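So this first bit is one chain, no partners, the form deposited in one PDB entry, shown in structure tokens.
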């Protein structure tokens, strides 16, 4: 489908433990229900999505949506679409602390790797097992943060902050001077991910709290070169894969300019995705949607995973997230 939407509820976090929070989220099949802690006698509000992932307990539970399960449902098919020659995009949306980064990047031990590392590993595994000498590939990667209309290159510590998105008169949007590195193995792209993830949480990022107030975009340019025994000509097939970890949705203590930009960005993205779902568009209303325009076109495939806190104390924000995800359909 043109657009796929999933929601995922995580285990209680420290804040919720400290408040003795009750779980107000329940899931069954494709449906997620949310209880209003102040109106517990009511029938919970219900929402249906392509996927409703119950990740509130732990991998020890038979009924726990693992990193692997999430990837195999959404990531795997997006990768397949990329191999067919089309652009794809996966967005993680939701309140700060809901589980966006965990879902997209995840962790290392007990292999809690998220969508991005799993997709990258899958990509290279498929490439290396290629047993057709007429097929060769190239994998180029860019990793950046979009904060208040400015782009930060997470793969270049020296540059720092500042880049601007521009519109080439004929070739579309691009970030001037943004690093685009060729990678020939999973280990190498994993080194880049690690380095970039490190950059997102260094001490200085706490000044403007960019780990939660900026949009992190991991881009892969996948080129497939097909050789012809006869004619000896090579036809190319380029696919653009954009894996995005959005700024916290509650921020849409917040600076007026920060909030304005995050609100505008998340709001425009919602309009874009809803339009794409309707066909199966004001891209320049925000830098995020402008830069990703070609990944959000009629030919592209997009998916969103909306992270949810399970706690009573976040009812309002969680309901807002469910409604946002619902509209994206």
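Numbering follows the first chain given and starts at 1. In this text, the rigid core denotes the largest set of C-alpha atoms whose superposition between the two forms falls within 1.5 Å.
The form deposited in another entry exists for this protein as well; it is not shown, and the discussion that follows is about that form.
Only one of 272, 303, 27, 65 has its C-alpha shifted by 2 Å or more between this form and the one not shown once the core is superposed, and that residue is 272. Once the rigid core is overlaid between this form and the one not shown, residue 55 does not reach a Cα shift of 2 Å, moving by less than that. When two forms of a protein are overlaid on their rigid core, residues whose CA moves 2 Å or more are considered shifted, and residue 109 is one of them between this form and the one not shown.
In the other entry, the Cα-Cα separation between residue 222 and residue 273 grows by 3 Å or more relative to the displayed conformation.
The pair residue 271 and residue 76 is looser in the other entry: their Cα-Cα distance rises by no less than 3 Å compared with this form.
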